Amino acid sequence: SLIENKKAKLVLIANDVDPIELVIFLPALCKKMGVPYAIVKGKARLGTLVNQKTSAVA
Amino acid sequence: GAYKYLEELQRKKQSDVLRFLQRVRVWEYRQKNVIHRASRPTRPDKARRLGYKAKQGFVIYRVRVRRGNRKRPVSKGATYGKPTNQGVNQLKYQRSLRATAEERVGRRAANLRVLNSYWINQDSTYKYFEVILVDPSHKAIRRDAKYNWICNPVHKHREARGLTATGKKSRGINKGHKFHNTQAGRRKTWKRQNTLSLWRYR
Amino acid sequence: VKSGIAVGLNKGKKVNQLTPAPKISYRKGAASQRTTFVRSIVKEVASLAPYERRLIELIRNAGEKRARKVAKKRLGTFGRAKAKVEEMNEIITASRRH
Amino acid sequence: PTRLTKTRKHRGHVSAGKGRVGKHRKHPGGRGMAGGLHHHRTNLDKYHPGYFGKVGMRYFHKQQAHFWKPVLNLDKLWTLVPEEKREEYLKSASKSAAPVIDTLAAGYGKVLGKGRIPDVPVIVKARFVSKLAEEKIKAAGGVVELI
Amino acid sequence: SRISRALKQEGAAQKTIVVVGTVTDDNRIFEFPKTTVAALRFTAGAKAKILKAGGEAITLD
Amino acid sequence: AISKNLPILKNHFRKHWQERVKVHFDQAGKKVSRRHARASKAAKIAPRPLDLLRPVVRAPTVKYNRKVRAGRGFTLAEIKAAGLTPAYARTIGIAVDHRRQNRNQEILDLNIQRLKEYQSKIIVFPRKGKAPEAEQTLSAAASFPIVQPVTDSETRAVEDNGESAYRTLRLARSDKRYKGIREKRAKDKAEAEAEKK
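Residues numbered from 1 in each chain as written, not as in the entry; some residues may be left out. Chains lettered and ligands numbered in written order. Part of a larger assembly, values for the part shown. Heavy atoms only, no water.

- Regarding how it was determined, this PDB entry cites cryo-EM in its header, along with a resolution of 3.6 Å.

- As annotated in the PDB entry, chain E is KLLA0A07227p from Kluyveromyces lactis.
- Each PDB entry has a title, and for this one the record gives "Structure of the Kluyveromyces lactis 80S ribosome in complex with the cricket paralysis virus IRES and eEF2".

- The PDB entry annotates chain D as RPL28 of Kluyveromyces lactis.
- What UniProt records for chain D under Sequence similarities (unreviewed entry) is the sentence "Belongs to the universal ribosomal protein uL15 family." (UniProt positions renumbered as here; feature names shortened; annotations may be inferred.)

1. Some thoughts on the packing of helix α2 (residues 50-60) of chain C against helix α3 (residues 66-73) of chain C
For any two helices packed against each other, the geometry is given by the interaxial angle and the distance between the axes.
Residue and element names in this part refer to chain C.
Thinking step 1. Following both chains from N to C, one finds α2 and α3 inclined at 165°, their axes separated by 9 Å at the closest point. As judged from the angle between their axes, α2 and α3 are roughly antiparallel. Along this stretch, α2 crosses α3, giving a crossing that reads as right-handed. Contacts between α2 and α3 involve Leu 55, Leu 58 and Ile 59 from the first element and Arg 66, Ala 67, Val 70 and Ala 71 from the second.
Thinking step 2. Residue composition of the contact of α2 with α3, by class: six nonpolar, no polar and one charged. (Axes fitted to C-alpha atoms, helices over the stretch in contact; angles between N-to-C directions. Helix = DSSP H or I, 4+ residues; strand = E, 2+ residues; numbered from the N terminus. Parallel < 35°, antiparallel > 145°, perpendicular 65-115°, else oblique. Left-handed = near helix turned anticlockwise from the far one by under 90°. Contact = heavy atoms within 4.5 Å. Nonpolar A, V, L, I, M, F, W, Y, C, P; charged D, E, K, R; others polar.)

2. Thoughts on the sheet that holds strand β5 (residues 128-129) of chain D
Residues and elements named next belong to chain D.
Thinking step 1. Spatially, β1-β3-β5 is the arrangement adopted by the three strands of the open sheet, whose pairing is parallel. Only two strands of the sheet have a single partner each, and these edge strands are β1 (72-73) and β5.
Thinking step 2. Across two bridges, β1 lies against strand β3 (residues 110-112) in parallel orientation. Bridged to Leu 72 within β3 is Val 111. (Pairing = 2+ DSSP bridges.)

3. Re a nonpolar patch on the surface
Thinking step 1. Taken together, the side chains of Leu 37, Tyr 51 and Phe 52 of chain D together with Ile 8 of chain F present a nonpolar region at the surface, about 340 Å² in accessible area.
Thinking step 2. Topologically, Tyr 51 of chain D is positioned in the loop between α2 (41-45) and β1. (Patch = residues over 30% accessible without salt bridge, like charges linked within 9 Å, V, L, I, M, F, W, Y side chains within 5 Å. Areas by Shrake-Rupley, 256 points an atom, 1.4 Å probe, with all protein chains shown as cover. Salt bridge = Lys/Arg side-chain N within 4 Å of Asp/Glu carboxyl O.)

4. Notes on empty space enclosed by the protein
Thinking step 1. What the rule picks out here adds up to one cavity of 30 Å³ or more.
Thinking step 2. Put simply, the largest cavity is a space of about 110 Å³.
Thinking step 3. The wall of the largest cavity is formed by 13 residues, among which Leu 6, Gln 10, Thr 42, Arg 43 and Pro 44 of chain B lie closest to the centre.
Thinking step 4. Of all the elements in the fold, those that place two or more residues in the lining of the largest cavity are α1 (21-32) of chain A together with α1 (2-10) and α3 (44-49) of chain B.
Thinking step 5. Residues of the lining of the largest cavity, tallied by class, amount to five nonpolar, two polar and six charged. (1 Å grid on protein atoms, 1.4 Å probe; cavity = no way out; pocket = protein on both sides within 12 Å on 5 of 7 lines; lining within 4 Å. Points joined across faces, edges and corners; volume = space filled by probe spheres on them.)

5. Notes on the layout of surface pockets
Empty pockets left among the atoms are what a rolling probe the size of a water molecule brings to light.
Thinking step 1. The volume enclosed by the second largest pocket comes to roughly 1200 Å³.
Thinking step 2. Lining the second largest pocket are 39 residues, and of these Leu 22, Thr 54, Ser 55 and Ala 56 of chain A together with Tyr 3 of chain B lie nearest its centre.
Thinking step 3. Those elements giving two or more residues to the lining of the second largest pocket turn out to be α1 of chain A together with α1, β1 (35-38), α3 and β2 (59-66) of chain B.
Thinking step 4. No other element matches α1 of chain A, which puts five residues into the lining of the second largest pocket.

6. Quick word on the interface of chain B and chain F
Thinking step 1. Facing ten residues of chain B, the contacting portion of chain F comprises eleven residues.
Thinking step 2. Considering only the side of chain B, the residues that lose the most area to chain F are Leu 196, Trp 199 and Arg 200 of chain B, jointly responsible for 51% of the buried surface there.
Thinking step 3. Viewed at the interface, chain F and chain B are joined by zero salt bridges.
Thinking step 4. Here chain B is connected to chain F by eight residue pairs in polar contact.
Thinking step 5. Every element with two or more residues in the side of chain B that touches chain F is listed here: α9 (186-193) and β5 (196-198) of chain B.
Thinking step 6. Ranked by residue count, the leading element in the side of chain B that touches chain F is β5 of chain B, at three residues.
Thinking step 7. Counted by class, the side of chain B that touches chain F contains four nonpolar, three polar and three charged residues. (Buried area = accessible area lost by both parts, 1.4 Å probe. Polar contact = N/O pair within 3.5 Å; in protein donor to acceptor, adjacent residues only side chain to side chain.)

7. What to know about the arrangement of the chains
Thinking step 1. Here eight pairs of chains make contact, and the pair sharing the most contacts is chains D and F.
Thinking step 2. Taking C-alpha atoms as the reference, chain A and chain E come no closer than 83 Å and do not contact one another.
Thinking step 3. Separating chain C from chain E is a minimum C-alpha gap of 28 Å, and the two share no contact.

8. A closer look at a positive patch on the surface
Residue and element names in this part refer to chain F.
Thinking step 1. On the surface, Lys 22, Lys 30, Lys 31, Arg 34, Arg 35, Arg 38 and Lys 41 cluster together to form a positively charged patch.
Thinking step 2. In terms of residues, the positive patch owes the most to one element, helix α1 (residues 27-45), which gives six residues.
Thinking step 3. Within the secondary structure, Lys 30 is located in helix α1.
Thinking step 4. The exposure class assigned to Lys 30 is partly exposed, which follows from its relative accessible area of 45%. (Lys, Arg positive; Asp, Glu negative; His and termini not counted. Charge placed at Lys NZ, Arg CZ, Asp CG, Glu CD. Buried < 20%, exposed > 50% of the residue type's maximum accessible area, 1.4 Å probe, protein only.)

9. A few points about the interface of chain D and chain F
Thinking step 1. Each partner contributes residues to the interface: chain D has 40 residues there, and chain F has 27 residues.
Thinking step 2. Taking both partners together, chain D and chain F bury about 2800 Å²; carbon and sulfur atoms supply 60% of that area.
Thinking step 3. At the surface where chain D touches chain F, the tally comes to one salt bridge.
Thinking step 4. Put simply, chain D and chain F have eleven residue pairs in polar contact between them.
Thinking step 5. A class-by-class count of the residues in the side of chain D that touches chain F yields 20 nonpolar, eleven polar and nine charged.

10. A few points about the pairing of β2 of chain B
All names here are of chain B.
Thinking step 1. Burial of β2 is extensive: seven of the eight residues sit out of reach of the surface.
Thinking step 2. In this sheet, strand β4 (residues 126-134) lies alongside β2 in antiparallel orientation, the contact comprising eight bridges. Looking at the pairing, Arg 66 lines up with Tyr 126 of β4.

As structure tokens, this is what we get:
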């Protein structure tokens, strides 16, 4: 949604998501709404910065 | 909103990306058990529309069923009787494959209460169904009034009676003119209209 | 409008007709910003279907009559083959043409 | 009453009034309309005719309401006018003050002209009319309003 | 109504119409004439419709 | 089987009917239990009536349109005009029926007045404390009956203007058949080809 409203300055996307479709679009989305994104390793790693187990996005 | 994408993605099913993710998954499940526990629902949207919630007591169980018709068992094709019912082969079990999946996991996971199910994949051999199940024993459910209903005793094996969604279709329970012969219930309306009703004064 | 008799085209009894406000449901066939936009994202993913690809390659060739006669088979009603073969034309002419 | 029935009166007599050659076996002519085209055709060619085959077109989902139109004869017509308020009208309406007969409300469709009304004018209100029914009302003095 | 016809016969407008049966009311006629009628039973329609005229509903005794 | 000039009875007892025979001996004793449960409502409910106030509605069809009748509930038009909410209408015992719509000003007035006479004749008990009861009238339909509307004129003017009802109905019928062919017969001859000319 934050991307849908152009409000995101930068998005990060875990490359490991089991329902791969959960994410697939985000690149196409961030492209369409002019957000710079970067598919980054570990849904694990995003978890640690945000205090969850996983995180999928950030 | 992530869901409306996934919602409207999944509908593109012969799509280059989905066909890949299909063929890859129909391997994962082919190699796993026939009724094995899905750690999380692989159509999280589809799930959560069908009353899945990501909270304790809710579960998802994948399950596999054989595609194709029912064979009338009868030794050797010896049906015995009016050639009408010599039919062994092209014969079609009236409960869906969806339901049979819900039912098979029901008896496996007796403590759980099926809530709904949804289609994942299929192939030659099998349809695959993600079945969402819920634990009326468990408290998170029993307290919170949104789910609490499912804990009542009149939802013990909703799948078996055909109180699941698939069940109610297969029972032929819509409103309207296209569904007279079953509406309250097939064996009901019959047993209402195949009754002689006699008053005191006739 | 009602002709004021039992038999006819307009038929029957005269009344003070108007009006029921259009119940919210009736609508539905407004596409609405969201659905279009999401669908427009999920048109750039993940390509056409293999009949839809068979369609626009068949539309570039002997491209109508034959297209609808195929899309009736690879869909259901002729009524939806109209919609799809019409839709294909718009996928042909928007992206590839112009 | 069992006393009064004839089977009491038969008691003693061997055959219960069914005869002795003919026995009273169970279903000696088949059942319930059988051999209609075979060994009952005799009875089905007297006493019934029309009883085989399918004359005429079908009507799928024939609702029995489009086929409503219950008739009202002009003889009867006046009965729809109230019982007390009749004495008065039938002896002098004299145009422009006629007792309106709503046949529809009284549960009739077509007004349909069998008998012969008086010369007193009526103003009928009805969903249909026979050509003649109107003719008989117009010539009496009243009119058919349609609805 | 029928009774009325049997009066409108020639030289019988003053005769006492003996019915042996019910006399039923008939609203198809209007101007039912002033007359005596013996019947077994009248209906409350037809007893009144006779008596309204000035007539006389009689019984067979 | 079969017999003398005797009509063709169609009877349906070839299945095992004598299993599924239901004889309402209850009837008379059921009534009791209904009367008794209607009363037990009335005590449980207490001041209110057993019935919610229901609206007037014209029955469907050709066969019944002439009749008026009690429908389900009141519409979010008829309530809003009578000056309350459906949410609240339910609290005061007016049957709201969302799914009915309102294409007749002469039915609405029938209802809107009916709601206005109801909201009048009832009193509402304050939620806070005191409840000054004035007995219970057991039914709304008792106090608010469905009296059929007025298309009435005893005596009335007569105007024989030579329309000929038969001729009118006959004509109206004609037109309804031949509109379809005649509107195609406009496209033929008088349009398209004459438009080309």
